[PDB]
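Single-structure report; data block below.
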Protein chains: 2
Amino acid sequence: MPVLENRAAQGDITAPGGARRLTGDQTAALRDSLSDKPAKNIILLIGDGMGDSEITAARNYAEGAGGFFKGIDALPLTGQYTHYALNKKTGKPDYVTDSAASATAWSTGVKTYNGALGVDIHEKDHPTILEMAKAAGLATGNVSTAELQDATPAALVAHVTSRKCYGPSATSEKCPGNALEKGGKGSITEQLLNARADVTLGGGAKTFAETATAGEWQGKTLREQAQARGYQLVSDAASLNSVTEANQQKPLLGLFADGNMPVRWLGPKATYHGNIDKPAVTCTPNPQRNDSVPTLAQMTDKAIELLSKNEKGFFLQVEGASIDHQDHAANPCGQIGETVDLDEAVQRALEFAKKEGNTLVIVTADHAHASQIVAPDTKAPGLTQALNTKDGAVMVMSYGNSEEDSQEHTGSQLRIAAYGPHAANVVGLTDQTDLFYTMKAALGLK
Amino acid sequence: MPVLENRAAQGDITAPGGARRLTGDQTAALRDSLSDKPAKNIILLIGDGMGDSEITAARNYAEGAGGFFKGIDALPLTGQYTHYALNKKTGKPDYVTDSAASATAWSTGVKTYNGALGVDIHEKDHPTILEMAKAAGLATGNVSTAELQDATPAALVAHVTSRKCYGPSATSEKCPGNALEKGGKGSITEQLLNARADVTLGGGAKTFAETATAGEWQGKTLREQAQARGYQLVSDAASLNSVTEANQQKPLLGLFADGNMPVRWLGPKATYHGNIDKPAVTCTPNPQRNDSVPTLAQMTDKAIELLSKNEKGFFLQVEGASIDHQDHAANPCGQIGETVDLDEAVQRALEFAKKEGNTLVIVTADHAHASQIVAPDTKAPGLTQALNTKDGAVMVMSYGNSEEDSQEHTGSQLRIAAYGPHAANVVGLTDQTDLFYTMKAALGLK
Ligand SMILES: [Zn+2]
Ligand SMILES: [Zn+2]
Ligand SMILES: [Zn+2]
Ligand SMILES: [Zn+2]
Ligand SMILES: [Zn+2]
Ligand SMILES: [Zn+2]
């Protein structure tokens, strides 16, 4: 099963045939990529808000228009999928989803309302792909650059009526029925601690400083509860590197930041008439990203090393979280850097898959976002910025869908790409809930 | 070779599994869709400005979020392709392309500057896929809802340094070197006349009222030159229907409007804070579309009947032109109606292909556009409108990338789907110039 080794423009883009990405007919290669044999493992990579527009701008900047992302662009079976949510009250489609409703969609197979995690419009809990893979005996991993209580990773292990029910204090007032003192399953963090995935890595240390208001570990911080429950706590790249085993008896929990892990590149925020008024921007590496802070490609490599020891197989969800945050912030360099960062993790995932032979790799996003690539001389109503690209040319990016402080998500259908046994199930048009079923069946969970 | 018969949400979208579009594993279906046998014919369908956002908005409105377009969404091999142009002066990538440079890309296989038609950055002509198909003996058709001098169809038969060189008067001043009086190949219209495709249908009658300034048919209108050269002039549905043969000896030319043919649906234009201030819009059929004016689906069906008489095979380009115009106009209803209109033609195309068996069908767009699907309560800086969808819910559309009168194109990569011999070549990441080589080889033109 081939991986697209190189789809970069093959020559001089100004000459006939120079911009071509193919060098020959693909039928045979595509035939060699179809396989319905079972999947022993599944690695799902999610770019938060990484729609086709985000992928194209990132590619233009970092690799040039005719460039190729060795990770993101290498998956050979591609398609487009819909990710609309539901109105809680009416049950009708809500065309633009938040991150919680979409995450719940691919993780349980049921559409839901914006802000909901692991429940339906009736607020009924539904098993997640993670809980099921675990029940079946497979190893499970949940890695992300966001705080672990954010929607994308929270959706694999918590079922709360509202995404804001981070820890005890927010839950008591936002999710009274999920609150431990009120007899419910608990806040997002407490639920994460009960779900016990073998590997969980990300930020969000802050909430672990809260104290249970009821239950066995009442009055102890959730950090104390974790240690007390047998979790291997780790907080830097070195200690993370030390880890040699991770399992149900010795579950690993890496908290690498109080909130979201640091962003990879720095740049100014887009502004009104920024491409006209201000000069072009060249992104700069964030000197605070640190070598004591593991990178997403590092977190992924470790998770795969550890989870692969399980003879039974594994399920791993990896997330490039800050792409969505930076898009909301109208900051091109931060947005693009997190896309580059995500590509590195995709490469470490394909390398394993390629060798292993029974791994389904999937790369996609939860919903589309605000940014659009527009002409250099555009005079737009919103925020824009000109960037000096790898090609030595100027690219102008525009965020114009909100007057509020945050740019908004958008409803367009977007790319889904896969590699391995059962990747055929992402080709053509599909729905995000379909991804739950594809994964459920590829793994043969019943 | 299967066509996706139904990818609509399978049931109650509020229940588990109800929003699924798949009913089973697709590996076997995808295997039956791969063929490298030669293509006898090729039907290329272009949605001008039809990016994934345009397709999604149109589906939500006309079919509902869980709907399915029987034409547009039924192609089983899909992918994404890049369509960046080149800076004439520098040779560097220009991230946002106009319709001239993109059209030249798939029709000649060479990247070029915005505004160019059938020439490279050096202003050198290059043969078009149509000129080649013709030289090879295949029948050729060029259909569109735009004026025939517009970029998308102009590109198959003209080579001018600027797309504005419609007829004699414009050429003399905009393209002195292409000017007939100055010894060049002639204006877009004159060149169309010389190209002599078997079937050419669309609008743009206005320019044929000009008179050559030189050459054999000097001082005659281009209309007179057409009749004099043996073209079958037709201008309404009925006369179009009467046509029983179309060939090199009796080439057919249908001019159904002075400019662009009429748009299918009417609605007001988006406005500032339109979704907040104004009530929701329900699109209304244009009572001037007329039954004497053949629809795109009809123009397509006729073109297929006539061109299929050629034992050798044929090449046909079909274009839903007004999607792009309505998007520039910030008119949701117009933009959506031409996408539905395009779907009708795609169905006519798949039906023929499905029975015939040696036909490569490709549906894609030249570039992405401005429109985005945003939350109902969005407070945006540009133009917005709320529409009442088929789901009985409200969808808000937003155009926010220009302060000028026209909304601008965008650079995002977009969908490309195919069906038939050689469709594998559109899967994964490709470039618009690759579509020229795919068609060239599928037809075996050398
Ligand atoms: Zn999100
Ligand atoms: Zn997220
Ligand atoms: Zn977001
Ligand atoms: Zn166009
Ligand atoms: Zn056009
Ligand atoms: Zn346009």
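By order of appearance in the structure tokens: chains A, B, ..., then residues from 1 within every chain, and ligands from 1 in the order shown.
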Long-range neighbours of residue B:248 as a PDB file with N, CA and C atoms, in the first residue's frame, 8 Å cut-off, only C-alpha atoms, 5 positions minimum in chain:
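So the final result, stored in result-v9.pdb, reads:
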```
ATOM      1  N   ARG B 196     -13.854  26.409 -35.337  1.00  0.00           N
ATOM      2  CA  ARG B 196     -14.893  25.524 -35.824  1.00  0.00           C
ATOM      3  C   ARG B 196     -15.152  24.245 -35.044  1.00  0.00           C
ATOM      4  N   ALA B 197     -15.664  24.400 -33.837  1.00  0.00           N
ATOM      5  CA  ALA B 197     -16.025  23.217 -33.041  1.00  0.00           C
ATOM      6  C   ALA B 197     -17.345  22.697 -33.703  1.00  0.00           C
ATOM      7  N   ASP B 198     -17.705  21.426 -33.516  1.00  0.00           N
ATOM      8  CA  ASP B 198     -18.954  20.974 -34.141  1.00  0.00           C
ATOM      9  C   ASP B 198     -20.175  21.593 -33.465  1.00  0.00           C
TER      10      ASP B 198
END
```
Counting only C-alpha atoms and all ligand atoms, name the residues that have an atom within 6 Å of an atom of ligand 1; the answer should be given as a ChimeraX atom specification.
-> /A:48-49,98-99,366-367
Could you name the residues that touch residue B:229 at 10 Å or less, counting only C-alpha atoms, but leaving out those on the same chain fewer than 6 positions away, as a PyMOL selection string?
-> chain B and resi 193-194+196+217+223+249-251
Within stretch 246-430 of chain B, find each residue whose DSSP state, derived from the backbone, is strand (DSSP E or B), and express the selection as a JSON list (two decimals) with C-alpha atoms, in the first residue's frame.
```json
[["chain", "number", "residue", "atom", "x", "y", "z"],
["B", 252, "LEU", "CA", -23.74, 24.36, -35.09],
["B", 253, "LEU", "CA", -23.72, 27.74, -33.32],
["B", 254, "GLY", "CA", -26.40, 28.62, -30.78],
["B", 255, "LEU", "CA", -26.47, 32.15, -29.47],
["B", 265, "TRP", "CA", -33.57, 31.97, -9.37],
["B", 266, "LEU", "CA", -34.00, 35.48, -8.09],
["B", 271, "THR", "CA", -26.52, 43.45, 2.75],
["B", 272, "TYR", "CA", -24.78, 44.70, 5.88],
["B", 281, "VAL", "CA", -35.22, 34.80, 2.21],
["B", 284, "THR", "CA", -38.01, 32.53, -6.27],
["B", 285, "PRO", "CA", -37.86, 31.20, -9.83],
["B", 314, "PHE", "CA", -15.90, 13.31, -28.54],
["B", 315, "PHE", "CA", -14.81, 16.01, -26.20],
["B", 316, "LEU", "CA", -17.36, 18.27, -24.60],
["B", 317, "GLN", "CA", -16.87, 21.08, -22.06],
["B", 318, "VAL", "CA", -20.04, 22.21, -20.24],
["B", 319, "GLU", "CA", -20.07, 25.35, -18.05],
["B", 320, "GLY", "CA", -22.39, 26.59, -15.34],
["B", 359, "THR", "CA", -16.87, 8.07, -20.99],
["B", 360, "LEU", "CA", -14.77, 10.06, -18.52],
["B", 361, "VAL", "CA", -16.97, 12.55, -16.63],
["B", 362, "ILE", "CA", -15.24, 15.24, -14.56],
["B", 363, "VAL", "CA", -16.95, 17.89, -12.44],
["B", 364, "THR", "CA", -14.94, 20.69, -10.90],
["B", 365, "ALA", "CA", -14.42, 24.44, -10.70],
["B", 368, "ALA", "CA", -12.78, 29.09, -5.13],
["B", 372, "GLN", "CA", -18.99, 31.30, 3.53],
["B", 373, "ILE", "CA", -21.68, 29.60, 5.70],
["B", 374, "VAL", "CA", -21.73, 31.28, 9.12],
["B", 383, "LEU", "CA", -22.66, 41.41, 3.41],
["B", 384, "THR", "CA", -24.89, 38.64, 4.83],
["B", 385, "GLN", "CA", -28.34, 37.09, 4.24],
["B", 386, "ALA", "CA", -30.42, 34.47, 6.06],
["B", 387, "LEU", "CA", -32.21, 31.87, 3.85],
["B", 388, "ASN", "CA", -34.97, 29.41, 4.69],
["B", 394, "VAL", "CA", -32.24, 29.11, 8.67],
["B", 395, "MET", "CA", -28.81, 29.19, 7.00],
["B", 396, "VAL", "CA", -26.79, 32.43, 6.95],
["B", 397, "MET", "CA", -24.45, 33.23, 4.08],
["B", 398, "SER", "CA", -21.59, 35.75, 4.21],
["B", 399, "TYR", "CA", -19.53, 37.64, 1.66],
["B", 410, "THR", "CA", -10.17, 32.97, -3.21],
["B", 414, "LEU", "CA", -11.09, 22.58, -4.14],
["B", 415, "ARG", "CA", -12.96, 19.46, -5.12],
["B", 416, "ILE", "CA", -12.57, 17.53, -8.27],
["B", 417, "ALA", "CA", -14.57, 14.42, -8.91],
["B", 418, "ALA", "CA", -14.68, 12.03, -11.85],
["B", 419, "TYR", "CA", -16.34, 8.84, -13.11],
["B", 428, "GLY", "CA", -5.57, 12.93, -3.82],
["B", 429, "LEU", "CA", -3.74, 16.16, -4.46],
["B", 430, "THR", "CA", -3.30, 17.27, -8.05]]
```
Enumerate the residues of stretch 239-426 of chain B with a DSSP assignment of helix (DSSP H, G or I), computed from the backbone, and present them as a PyMOL selection string.
-> chain B and resi 239-242+274-277+296-307+322-329+332-356+423-426
Contacts to ligand 6 at 12 Å cut-off (only C-alpha atoms and all ligand atoms) as a PyMOL selection string | chain B and resi 47-51+96-103+114-115+146+150-152+321-330+335+365-370+406-410
If you count only C-alpha atoms, which residues fall within 12 Å of stretch 234-246 of chain A, apart from same-chain ones fewer than 3 positions away, as a PyMOL selection string?
-> chain A and resi 139-141+196-205+223+226-227+230-231+249-258+261+289-310
Just the residues within 10 Å of residue B:421, please, counting only C-alpha atoms, with nothing from its chain fewer than 3 positions along; format it as a PDB file with N, CA, C and O atoms, in the first residue's frame.
```pdb
ATOM      1  N   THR A  27      -4.160   4.736 -11.759  1.00  0.00           N
ATOM      2  CA  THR A  27      -5.012   3.579 -11.558  1.00  0.00           C
ATOM      3  C   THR A  27      -4.370   2.439 -10.814  1.00  0.00           C
ATOM      4  O   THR A  27      -4.912   1.928  -9.809  1.00  0.00           O
TER       5      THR A  27
ATOM      6  N   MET B   1     -19.042  -0.152 -13.716  1.00  0.00           N
ATOM      7  CA  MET B   1     -18.547   1.019 -12.933  1.00  0.00           C
ATOM      8  C   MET B   1     -19.720   1.765 -12.309  1.00  0.00           C
ATOM      9  O   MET B   1     -20.502   2.434 -12.987  1.00  0.00           O
ATOM     10  N   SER B  33     -14.574   0.760  -9.724  1.00  0.00           N
ATOM     11  CA  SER B  33     -14.575   2.058 -10.315  1.00  0.00           C
ATOM     12  C   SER B  33     -13.257   2.401 -10.979  1.00  0.00           C
ATOM     13  O   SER B  33     -13.165   3.460 -11.601  1.00  0.00           O
ATOM     14  N   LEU B  34     -12.248   1.543 -10.807  1.00  0.00           N
ATOM     15  CA  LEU B  34     -10.910   1.758 -11.352  1.00  0.00           C
ATOM     16  C   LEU B  34     -10.682   1.099 -12.682  1.00  0.00           C
ATOM     17  O   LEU B  34     -10.657  -0.117 -12.773  1.00  0.00           O
ATOM     18  N   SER B  35     -10.437   1.903 -13.708  1.00  0.00           N
ATOM     19  CA  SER B  35     -10.177   1.357 -15.012  1.00  0.00           C
ATOM     20  C   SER B  35      -9.225   2.235 -15.761  1.00  0.00           C
ATOM     21  O   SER B  35      -9.428   3.444 -15.890  1.00  0.00           O
ATOM     22  N   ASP B  36      -8.233   1.616 -16.345  1.00  0.00           N
ATOM     23  CA  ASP B  36      -7.293   2.392 -17.143  1.00  0.00           C
ATOM     24  C   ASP B  36      -7.516   2.158 -18.613  1.00  0.00           C
ATOM     25  O   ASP B  36      -6.677   2.522 -19.445  1.00  0.00           O
ATOM     26  N   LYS B  37      -8.652   1.566 -18.957  1.00  0.00           N
ATOM     27  CA  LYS B  37      -8.914   1.333 -20.351  1.00  0.00           C
ATOM     28  C   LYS B  37      -9.115   2.729 -20.941  1.00  0.00           C
ATOM     29  O   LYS B  37      -9.364   3.684 -20.214  1.00  0.00           O
ATOM     30  N   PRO B  38      -8.883   2.897 -22.242  1.00  0.00           N
ATOM     31  CA  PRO B  38      -9.041   4.187 -22.923  1.00  0.00           C
ATOM     32  C   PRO B  38     -10.413   4.765 -22.790  1.00  0.00           C
ATOM     33  O   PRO B  38     -11.373   4.053 -22.625  1.00  0.00           O
ATOM     34  N   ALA B  39     -10.499   6.085 -22.876  1.00  0.00           N
ATOM     35  CA  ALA B  39     -11.769   6.778 -22.806  1.00  0.00           C
ATOM     36  C   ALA B  39     -12.119   7.102 -24.252  1.00  0.00           C
ATOM     37  O   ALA B  39     -11.290   7.555 -25.017  1.00  0.00           O
ATOM     38  N   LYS B  40     -13.336   6.799 -24.641  1.00  0.00           N
ATOM     39  CA  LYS B  40     -13.710   7.118 -25.980  1.00  0.00           C
ATOM     40  C   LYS B  40     -14.102   8.575 -25.997  1.00  0.00           C
ATOM     41  O   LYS B  40     -13.773   9.278 -26.945  1.00  0.00           O
ATOM     42  N   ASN B  41     -14.797   9.033 -24.945  1.00  0.00           N
ATOM     43  CA  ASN B  41     -15.253  10.429 -24.898  1.00  0.00           C
ATOM     44  C   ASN B  41     -14.908  11.073 -23.581  1.00  0.00           C
ATOM     45  O   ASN B  41     -14.629  10.380 -22.586  1.00  0.00           O
ATOM     46  N   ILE B  42     -14.974  12.401 -23.527  1.00  0.00           N
ATOM     47  CA  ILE B  42     -14.732  13.062 -22.264  1.00  0.00           C
ATOM     48  C   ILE B  42     -15.713  14.189 -22.149  1.00  0.00           C
ATOM     49  O   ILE B  42     -15.838  14.922 -23.108  1.00  0.00           O
ATOM     50  N   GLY B 357     -20.410   3.575 -21.173  1.00  0.00           N
ATOM     51  CA  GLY B 357     -19.262   2.839 -20.645  1.00  0.00           C
ATOM     52  C   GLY B 357     -17.817   3.233 -20.937  1.00  0.00           C
ATOM     53  O   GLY B 357     -16.899   2.692 -20.333  1.00  0.00           O
ATOM     54  N   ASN B 358     -17.592   4.196 -21.807  1.00  0.00           N
ATOM     55  CA  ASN B 358     -16.237   4.577 -22.138  1.00  0.00           C
ATOM     56  C   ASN B 358     -16.137   6.058 -22.060  1.00  0.00           C
ATOM     57  O   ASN B 358     -15.416   6.699 -22.840  1.00  0.00           O
ATOM     58  N   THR B 359     -16.856   6.622 -21.113  1.00  0.00           N
ATOM     59  CA  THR B 359     -16.870   8.068 -20.992  1.00  0.00           C
ATOM     60  C   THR B 359     -16.343   8.553 -19.645  1.00  0.00           C
ATOM     61  O   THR B 359     -16.684   8.011 -18.605  1.00  0.00           O
ATOM     62  N   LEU B 360     -15.378   9.459 -19.704  1.00  0.00           N
ATOM     63  CA  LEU B 360     -14.768  10.055 -18.520  1.00  0.00           C
ATOM     64  C   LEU B 360     -15.558  11.314 -18.204  1.00  0.00           C
ATOM     65  O   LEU B 360     -15.623  12.208 -19.058  1.00  0.00           O
ATOM     66  N   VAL B 361     -16.205  11.366 -17.032  1.00  0.00           N
ATOM     67  CA  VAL B 361     -16.966  12.552 -16.628  1.00  0.00           C
ATOM     68  C   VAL B 361     -16.157  13.165 -15.498  1.00  0.00           C
ATOM     69  O   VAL B 361     -15.712  12.459 -14.586  1.00  0.00           O
ATOM     70  N   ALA B 418     -14.529  12.617 -10.520  1.00  0.00           N
ATOM     71  CA  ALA B 418     -14.684  12.034 -11.849  1.00  0.00           C
ATOM     72  C   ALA B 418     -15.385  10.692 -11.781  1.00  0.00           C
ATOM     73  O   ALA B 418     -15.495  10.073 -10.707  1.00  0.00           O
ATOM     74  N   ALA B 424      -9.117   7.772 -11.718  1.00  0.00           N
ATOM     75  CA  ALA B 424      -8.188   7.665 -10.592  1.00  0.00           C
ATOM     76  C   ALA B 424      -7.279   8.881 -10.548  1.00  0.00           C
ATOM     77  O   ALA B 424      -6.981   9.388  -9.465  1.00  0.00           O
ATOM     78  N   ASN B 425      -6.953   9.421 -11.720  1.00  0.00           N
ATOM     79  CA  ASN B 425      -6.084  10.584 -11.846  1.00  0.00           C
ATOM     80  C   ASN B 425      -6.531  11.895 -11.209  1.00  0.00           C
ATOM     81  O   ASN B 425      -5.796  12.872 -11.258  1.00  0.00           O
ATOM     82  N   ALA B 442      -6.232  10.141 -21.520  1.00  0.00           N
ATOM     83  CA  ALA B 442      -7.393   9.276 -21.429  1.00  0.00           C
ATOM     84  C   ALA B 442      -7.923   9.083 -22.855  1.00  0.00           C
ATOM     85  O   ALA B 442      -8.327   7.976 -23.259  1.00  0.00           O
ATOM     86  N   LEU B 443      -7.806  10.148 -23.642  1.00  0.00           N
ATOM     87  CA  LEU B 443      -8.293  10.125 -25.017  1.00  0.00           C
ATOM     88  C   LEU B 443      -7.213   9.549 -25.895  1.00  0.00           C
ATOM     89  O   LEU B 443      -7.437   9.232 -27.042  1.00  0.00           O
TER      90      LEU B 443
END
```
